[PDB]
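Protein chains in written order, with PDB author numbering: chain I, 228 to 290, 295 to 337; chain B, 230 to 245, 252 to 290, 297 to 338; chain N, 413 to 467.
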């Protein structure tokens with residue numbers, strides 16, 4: 228019934244967000260909300276390289296135009312984060328690609 | 230009986252209102268309570284808890306709505322997790338601020 | 413603000429919340445108390461005769 232551009236948001240751990248035995252690891256959360264129709268493709272990119280392992284995408288769930300939400304989690308390493316690596320979340324919706332870039336730099 | 234891990238996510242340093256996610260993983264049993272704190276004060280509204288899902298282990302995620310102005314003012318947000326009579330508190334703040 | 417409050421030397425701080433700066437700068441404005449009062453003396457200096465030559 229309607230077409231809306233998805234919104235891309237990326238969550239990053241804080242400076243004290245790493246724990247566990249060395250090397251410490253953390254997670255990245257990319258969530259797309261208020262998008263239609265229900266089908267959507269979520270992909271993870273690391274410095275231009277596609278990530279094919281260490282990620283889990285939650286099933287799409289329902290949050295008047297119908298709305299949906301999707302949650303994706305990618306495991307990251309502390310060493311890679313300290314090297315100023317840039318993580319990009321790739322979202323495909325009705326042939327449209329939206330990219331979001333995050334980094335530890337201020 | 231395993232103590233739940235407490236992790237709090239923060240908005241990116243280069244920009245995003253935003254949301255705060257507190258995740259507890261590898262905990263048992265299934266029931267668990269998650270709340271939010273703001274500068275040591277109880278939060279009465281603006282937070283929601285998603286249904287607990289199965290990853297035997299369980300996973301619980303919560304979302305807290307915050308404003309950009311409050312985040313820049315070095316406000317302290319604490320995720321409170323209660324499990325088997327134990328309370329875990331994690332404090333986070335802006336790295337660049 | 414009130415007139416009496418300013419004469420009491422209260423501390424006022426103006427904070428700006430901008431996206432570029434993550435740390436809101438703090439500026440303090442207050443009247444410095446303990447200063448003496450003196451009567452100003454007004455003196456008028458007429459132009460010299462060496463200036464009224466080019467017209």
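Don't be surprised by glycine CBs; every beta carbon is placed ideally from N, CA and C.
Query, Result
"Quick check on this structure: which residue in I/243, I/297, I/308 and I/238 has the alpha carbon closest to the alpha carbon of residue 244 of chain B?", "I/238"
"Under 8 angstroms Cβ-Cβ, which residues of chain B neighbour residue 244 of chain I?", "236, 237, 238, 239 and 333"
"Are the C-beta of residue 429 of chain N and some C-beta of chain B separated by less than 8 angstroms?", "yes"
"Please confirm whether residue 337 of chain B has its beta-carbon closer than 8 angstroms to some beta-carbon of chain I.", "yes"
"Using the Cβ count rule (16 or more neighbours within 10 Å means buried), how would you classify residue 269 of chain I?", "buried"
"Output, in chain order, the set of chain N residues within a Cβ distance shorter than 7 angstroms of residue 313 of chain B.", "429, 434 and 436"
"If you measure between the beta carbons of residue 315 of chain I and residue 295 of chain I, is that distance less than 8 angstroms?", "no"
"When you compare the CB of residue 307 of chain I with every CB in chain B, is at least one pair closer than 8 angstroms?", "no"
"Quick check: the region 317–328 of chain B against the region 271–278 of chain B, are at least 3 beta-carbon pairs closer than 8 angstroms?", "yes"
"Ignore the nearest five residues each way along the sequence and tell me which others in residue 265 of chain I's own chain have a CB closer than 7 angstroms to its CB.", "287 and 299"
"I'd like the list of long-range same chain contacts for residue 257 of chain I, defined as Cβ closer than 6 angstroms, with 5 residues on each side in sequence excluded.", "237, 303 and 320"
"Would you give the residue range spanned by the alpha helix (DSSP H) that residue 375 of chain N belongs to?", "The shown model of chain N, from 413 to 467, leaves out residue 375 of chain N, and the question about it has no answer."
"The alpha helix (DSSP H) spanning residue 310 of chain B covers which residue range?", "309–313"
"Given residue 440 of chain N, which residues of its chain have a CB within under 8 angstroms of its CB, disregarding the five upstream and five downstream residues?", "423, 424 and 425"
"Taking the straight line between their C-alpha atoms, what separation do you get for residue 459 of chain N and residue 310 of chain B?", "57 angstroms"
"Output, in chain order, the set of chain I residues within a Cβ distance shorter than 9 angstroms of residue 289 of chain B.", "Ordered by position in chain I, no residue passes the 9 angstroms Cβ test against residue 289 of chain B, which lies about 12 angstroms from the chain."
"Using the Cα positions of residue 306 of chain B and residue 281 of chain B, report the straight-line distance between them to the nearest angstrom.", "6 angstroms"
"In the DSSP assignment, what are the bridge partners of residue 283 of chain B?", "B/304"
"Out of I/247, I/279, I/334 and I/231, which has the shortest C-alpha to C-alpha gap to residue 313 of chain I?", "I/334"
"What's the C-alpha gap between residue 325 of chain B and residue 267 of chain B?", "9 angstroms"
"Relative to the alpha-carbon of residue 254 of chain I, which residue among I/290, I/289, I/284 and I/323 has its alpha-carbon at the smallest distance?", "I/284"
"Three-state secondary structure (DSSP) at residue 259 of chain I?", "strand"
"Run through chain I and tell me which residues come within less than 8 angstroms of residue 256 of chain B, C-beta to C-beta.", "238 and 256"
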